[PDB]
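Protein chains in written order, with PDB author numbering: chain W, 195 to 244; chain Y, 195 to 295; chain F, 105 to 400; chain P, 105 to 402; chain C, 747 to 847. Here is the structure we will look at, set down as structure tokens.
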Amino acid sequence: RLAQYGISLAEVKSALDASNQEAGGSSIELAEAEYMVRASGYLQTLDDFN
Amino acid sequence: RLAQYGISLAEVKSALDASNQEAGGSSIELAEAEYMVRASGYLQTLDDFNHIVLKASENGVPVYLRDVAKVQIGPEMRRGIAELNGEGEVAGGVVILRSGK
Amino acid sequence: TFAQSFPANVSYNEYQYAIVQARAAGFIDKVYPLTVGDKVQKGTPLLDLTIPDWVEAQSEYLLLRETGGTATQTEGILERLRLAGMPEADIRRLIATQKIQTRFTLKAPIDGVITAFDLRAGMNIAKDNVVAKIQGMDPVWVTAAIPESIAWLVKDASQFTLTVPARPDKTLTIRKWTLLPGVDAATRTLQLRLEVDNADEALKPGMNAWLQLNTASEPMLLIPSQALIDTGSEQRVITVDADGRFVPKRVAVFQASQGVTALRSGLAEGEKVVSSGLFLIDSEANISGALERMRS
Amino acid sequence: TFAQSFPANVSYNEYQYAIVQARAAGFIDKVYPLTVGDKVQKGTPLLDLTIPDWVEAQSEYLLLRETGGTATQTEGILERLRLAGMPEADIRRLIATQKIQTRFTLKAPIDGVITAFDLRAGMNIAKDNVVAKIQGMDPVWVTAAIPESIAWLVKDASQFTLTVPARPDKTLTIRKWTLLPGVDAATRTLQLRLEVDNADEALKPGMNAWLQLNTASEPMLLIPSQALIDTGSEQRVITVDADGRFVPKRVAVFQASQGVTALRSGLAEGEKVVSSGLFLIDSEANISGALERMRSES
Amino acid sequence: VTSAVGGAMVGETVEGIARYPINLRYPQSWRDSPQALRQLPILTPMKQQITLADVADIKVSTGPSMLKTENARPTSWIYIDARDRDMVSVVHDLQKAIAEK
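Listed below in structure tokens is the structure:
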């Protein structure tokens, strides 16, 4: 599949190890309240893998 | 400015975090003395900020940080505030004693 | 106040730009010892070539002389020889020698540098070919790239200071220059051209150069940049009224420079203004809302 | 009032286009001081050339002139010359001088800047050899890049204002804005081209331009953004009843921008709603059991 | 998210003994509200120009404000008491009560 799609073993790993984290984007005031900016990114379903 | 100059957020950061250090190039004898090779590179003036190289044409004309952003100086993010006598907010410190002493 | 040094480059003069092509088809006999990157002067032989085409008419002329034809008859065949393309000087040779001219020689039209040269021995030659592209560099050119932003300024600059690393001594005070109508897109810069004299041939096309600019704009309203609370769109400043309290003030900005922003309006001269965006919290202290808390 | 800014490039006006070509083949004699990047005005001499393709036809005209030809035997030999290429201009010289025309001077058709120049001193000119491409810029073009998603954000009533960093001193004046039929496949952006009056050529092609857009929306209930409390399940605002009784009420948000949200329903014009101190009050009413009450009252 | 819309730090200026933070971020206006984030401009690798909403859905929601955990597992407490009253008996009545209903 690699040869056929022009993807290398080296590439797949780097791509994999760059799509399984969560991110925090500080906070954001509104209504005098403190809203926290969360960002999804963890692997959960096998689809997230595929 | 990013879209207009073909620079990405990702690029600016990598360019920024690669232009703020100092380098040591061993020593170099001369006159039987020991001359140390220092190299500048720290950020000092705001110009050093404005002049972070992001993109350089074959021509010789570069594209600096000043072209994709402004470099204002401001406060940080705080976890707690201190206020004095209602007539002003200020900064201070507490002195903590070595438990047993 | 301003103090910048724009990047520039030495280049050939595009008004000294020759591209020698043959008037008519033929075939190269001899090509002189020249090649791209060489220096040539007006008159330098480029190549010899045989051009069959003017033979037909050159005969018509010579024949006319053999039988003394009308004056206007010769004046005619000589013109058919020019319009047919044939050096006014080669025709001049025809009548002198009174012999058909079959071989010719192309020569450098003006002195300069062979930047292109694609015709060598054993080849043939067509009217679209390029026997030699010669570009001069006497009044050599320099084109600086000035940041689009200060277009409002460089438009009315008095004089620049052209320096160049290759020759640290040939530093002069450029007083006349032509600001081009086009702005580079790759970078966002203006194009500023200037002709420096090259009698000594020291400024060779392809060397880096610098165009210094030390000037100051017209007197404007000036406030410390550290005093301009700017959000993406909306932005104001913090004024200090007579009683010494805080009051926001919508202001319009012209442009900053070296820690001071020229103001277009919003406030008049004199007004005291705090110099700190440090009255809000950098981490989302909704500037609009935080400015509100300061008034009631 | 929807408000959003977009990037834009100042560009040449493409209705100011002229690619000069010789009407017939010949050879260049003179090439005036000129090159790509320069700015030529309508009439500027580009180059001199010698075109022999018409010599034969012109002489046959002068022939008849001296041999008492017919008036119509001329008008017919002049169109034979007209649709041969020779410009009506260079033709008017032929008839007004009775001399053969051999050398002509090509000039700039329009006011603008040269973007191309293929012919120089010493060359032979051909029917296709573009002697000079000249693009105008008086009614200068400026195009903005709108993301396909935010496309809905632009309508007819939409108000536009341009601003160029190069010139913070020039108030711009748009005269025609258009939403091109296609979307740049390369950037997934809708193309919004608008031409701006460049009377004094102070707005050069290639420099950045910021386009701020204003768009009218559907008439809706309007409250400040500080007023809306959003918990991602309920949308509430603390109302200030007649007597001064803070009573929370559930609303339904539509859209928001410029620090002003818009409810599709949940209130009534004339009603009052708290802005500052909104948090403490909401919390007080949360402790008070008010928010609990309001939600339970249905 | 991290850097553009967040006050994410990325460097430090070495000023004598002092050390101050350097952080990258968009203008505040580009991140004022939720809607603002849905129109957050992104310059993709392929120099395409899109909004944050084109690669994600953003939604407001409540949730935890602090996660107190004991022993490496998540544990929620239950505070039961009496004014005055007895002790050595109640907790016994509960170890059998809860685990029986």
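Quick reminder that beta carbons are idealized off the backbone N, C-alpha and C, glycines included.
List the residues of chain P whose Cβ lies closer than 8 Å to the Cβ of residue i, in chain order.
i	result
F/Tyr119	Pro137, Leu138, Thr139
C/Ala799	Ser253
Check whether the Cβ atoms of residue i and residue j lie closer than 8 Å to each other.
i	j	result
P/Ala372	P/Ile342	no
Y/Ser220	Y/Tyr229	no
W/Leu203	C/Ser779	no
P/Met241	F/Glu252	no
P/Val246	P/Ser115	yes
P/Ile155	P/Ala128	yes
P/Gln339	P/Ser379	no
P/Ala225	F/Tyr121	yes
F/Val144	F/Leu138	yes
P/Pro272	F/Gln362	no
P/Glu305	F/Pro285	yes
P/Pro243	P/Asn117	yes
P/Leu296	P/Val287	no
F/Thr209	F/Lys237	no
W/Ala209	W/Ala233	no
F/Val234	F/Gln125	yes
P/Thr365	P/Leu317	no
F/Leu307	F/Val268	yes
I want to verify the contact list: residues of chain C whose CB lies under 9 Å from the CB of residue i, in sequence order.
i	result
P/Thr335	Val806, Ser807, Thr808
Y/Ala197	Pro787, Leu789, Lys793, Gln795
F/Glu192	The contacting residues do not exist; F/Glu192 stays about 55 Å from chain C at best.
P/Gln108	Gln785
Would you identify the three-state DSSP class for residue i, choosing helix, strand or coil?
i	result
W/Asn244	coil
F/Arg196	helix
C/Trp776	helix
Y/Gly274	coil
F/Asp152	strand
residue 466 of chain F	Since the first residue shown for chain F is 105 and the last is 400, residue 466 of chain F is missing from the structure and cannot be characterised.
P/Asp334	strand
F/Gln145	coil
P/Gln177	helix
P/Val344	strand
P/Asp386	helix
F/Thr201	helix
P/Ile250	strand
Applying a beta-carbon distance threshold of less than 8 Å, which residues of chain W neighbour residue i?
i	result
P/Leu382	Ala225, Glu226
Taking the DSSP output, what are the residues bridged to residue i?
i	result
P/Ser361	P/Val364
Y/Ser221	Y/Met230
P/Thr265	P/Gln316
F/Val287	F/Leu294
P/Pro328	P/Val364
C/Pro787	C/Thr797
F/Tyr121	F/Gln239
P/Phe110	P/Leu315
residue 85 of chain P	Chain P is shown from 105 up to 402; residue 85 of chain P falls before or after that span and cannot be answered.
C/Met755	C/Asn769
F/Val135	F/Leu151
F/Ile278	According to DSSP, F/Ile278 bridges with nothing at all.
Since residue i meets chain W, which of its residues come closer than 7 Å, beta carbon to beta carbon?
i	result
C/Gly752	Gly218, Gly219, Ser220, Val231
C/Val747	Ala217, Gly219, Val231, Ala233
C/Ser779	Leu224
What residues from chain Y crowd round residue i, counting only those whose CB sits closer than 7 Å?
i	result
C/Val756	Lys207, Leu210, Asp211
Name the chain C residues whose beta carbon is nearer than 8 Å to that of residue i?
i	result
F/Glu396	Neighbours of F/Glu396 on chain C: none; closest Cβ ~14 Å, over 8 Å.
Applying a beta-carbon distance threshold of less than 8 Å, which residues of chain F neighbour residue i?
i	result
P/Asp273	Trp256, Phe358
C/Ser775	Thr335, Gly336, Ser337, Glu338
Name the chain C residues whose beta carbon is nearer than 7 Å to that of residue i?
i	result
residue 403 of chain P	The first residue shown for chain P is 105 and the last is 402, placing residue 403 of chain P beyond what the model contains.
For a contact defined as C-beta to C-beta under 9 Å, what are the partners of residue i on chain W?
i	result
P/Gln330	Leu224, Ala225, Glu226
Show which residues of chain Y have a CB atom less than 8 Å away from the CB atom of residue i.
i	result
C/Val834	Here the premise fails: no neighbours, minimum Cβ distance about 35 Å.
What residues of chain P sit near residue i, judged by a beta carbon separation below 7 Å?
i	result
F/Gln125	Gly226, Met227, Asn228
>> Please list, in chain order, the residues of the stretch 368-394 of chain F that have any C-beta partner in chain W closer than 9 Å.
In response: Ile385, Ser387, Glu388, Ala389, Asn390, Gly393, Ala394
>> Can you pull out the residues from the stretch 285-296 of chain F whose beta carbon lies closer than 8 Å to at least one beta carbon of chain Y?
In response: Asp288, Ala290, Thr291, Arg292, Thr293
> Just by C-beta distance, which residues in the stretch 147-166 of chain P are closer than 8 Å to chain F?
Replying inline: Of all residues in the stretch 147-166 of chain P, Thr154, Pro156, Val159 have a Cβ within less than 8 Å of some Cβ in chain F.
>> Under 8 Å, CB to CB, which of the residues in the stretch 229-254 of chain P have a partner in chain Y?
In response: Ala249
> Mind listing which residues of the stretch 336-350 of chain F have their C-beta closer than 8 Å to chain C's C-betas, in chain order?
Replying inline: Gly336, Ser337, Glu338
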